[PDB]
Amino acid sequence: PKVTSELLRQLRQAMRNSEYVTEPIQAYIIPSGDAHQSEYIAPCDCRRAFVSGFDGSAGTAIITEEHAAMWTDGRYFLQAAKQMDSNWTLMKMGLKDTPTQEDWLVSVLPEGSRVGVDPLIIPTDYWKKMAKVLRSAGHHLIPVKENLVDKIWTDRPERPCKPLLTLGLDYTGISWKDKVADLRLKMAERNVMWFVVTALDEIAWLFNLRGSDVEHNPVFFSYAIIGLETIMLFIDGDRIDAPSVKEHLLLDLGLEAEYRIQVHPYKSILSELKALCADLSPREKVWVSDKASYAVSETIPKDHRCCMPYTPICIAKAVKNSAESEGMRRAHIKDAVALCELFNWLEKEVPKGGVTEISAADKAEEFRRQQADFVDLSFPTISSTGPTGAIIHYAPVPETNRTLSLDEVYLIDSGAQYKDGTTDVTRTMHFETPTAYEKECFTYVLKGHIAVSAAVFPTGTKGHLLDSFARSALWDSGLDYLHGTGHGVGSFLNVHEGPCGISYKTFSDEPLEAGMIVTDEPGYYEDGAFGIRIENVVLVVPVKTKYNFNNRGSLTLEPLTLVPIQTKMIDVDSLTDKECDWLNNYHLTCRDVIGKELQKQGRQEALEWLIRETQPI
């Protein structure tokens, strides 16, 4: 484990330093998250890993005068125990006797204690829950503005500050000026004077900009404040002065004043927000996400604070316009070309005995990089053979890197960001003869996949109402999968994007409408044996029906992912005619669209593979 005895000594001393706290605090909370509720935390924000040695993706540390405790989930019980030294106490989340953070605190704190946390990195949700319980026991939760880990972290990496990319109308369908105008119409109809934007993907979409400050998600560290007559963009770096960016943002015009973007330092967000709020008149509202940091939300006086589950940006960007959806189609056509090359290569090379989980993942990236306007992977590839495939959240380590073979089911989940769009696809396959049980499970999963993709439903049906269609065949045999059926997908933006989706986990998802894009990804995982998942990105599209009730219209799903589904894995005699017709048609569509592209790109061998793999059942 990392030796953290001296780090803890220094942190405990910082907890008492008058420069940071008016009075000493008896406990300090170090969460995983960053200031924007990011999905992938930048190295500079991996404070919990720094103080503990535990560097998994999830975990909350709490340091007291006497104790250092770490809460993490099942993925990490073993990792945390190994990585942390004897200073640390492991709190195994999910287990029956594991105390909550707040109840643990009450049990270890002396009378009338102060508990500190950096307010920029927790939401109000968490603040309220913690503050309540602590207050009951005579304690106080204190926002400590200076991050205490940063104070002791001598060799803390700089915040990533990478180039910006501009996206033109061909890609976005609508200008940033028009997006801001649309947003202001929504603000006016609600007496909102100011809208504070804290989610990095929302800022990227609003200004038609992209970046690479965060892994996978093509976003950049920033905030924005939108007024009715002004715009304030909080961003660091000379990147903002690149000629393409100046031109795109109209920064060297003598333009109309309401579209003049004021560029402020990234650190200035709270002080500029405080100054605007100081000047509010009684009925004036400030819109903020209910997901925003406590520091940002608390800056807005309660009387003026208009919290919302989903900002109007989240709602607008959920529906892809024709430029965006055409980009998604293009991105998927390129991605399928790359996967035809990959799967052909796998069929040739796996029997030779040298293909490993990592080398196959490497090869997937290699083929993707050949395609025009490839940017990066949209998430880390999952490449799992045999028992590894049952581990839903499995990520490579060289010492448990398995060799692909003719005797094990292989699952590959992978995806890319292209300038045109964003992909996410899982296929499960076998290189010789699968067992009947492997085929049985695959076929239940496929039945669910088709039940969702072929579903016809009224406009405005919430996606969660499609989730059980994916599960019916599994459920009938006593099987299930412990994940959601689908999520929204961004347009050259986060592969995991709300507010639409298909899950049993929420009823508050947005009604499905034409232009939304989601995944359809049922699976089945047999611990110690194999895993199966069949995942496509699908576009919500209008569809004509026999009858027309209550007006409104109906919708169905159209796959953008065009990659064969391996027929040897299917118990064909168990399919309905509808399912058989669906797969045959899907396969001919793959052959049409991807085959044309393969021929255009001169990729004969991959085209031959695609034709073999798209034969009817």
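The first residue of the sequence shown is number 1, and the count goes up from there.
Look at the mean CA B-factor for 263 to 271 and for 425 to 433 in the entry; the higher one is 263 to 271. Comparing 92 to 100 with 181 to 189, the higher mean C-alpha B-factor in the PDB entry belongs to 92 to 100. Across the residues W345, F530, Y126, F207, the deposited record lists the maximum Cα B factor for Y126. For the set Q417, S244, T443, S113, the PDB entry puts the maximum C-alpha B factor at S113. Sort the chain's modelled residues by C-alpha temperature factor and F507 lands in the highest third, per the entry. Among all modelled residues in its chain, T545 ranks in the middle third by Cα B-factor. For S472, the recorded CA temperature factor ranks within the lowest third of the chain's modelled residues.
When all modelled residues of the chain are sorted by CA temperature factor, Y171 is found within the middle third.
Sorting the modelled residues of the chain by their CA temperature factor places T561 in the lowest third.
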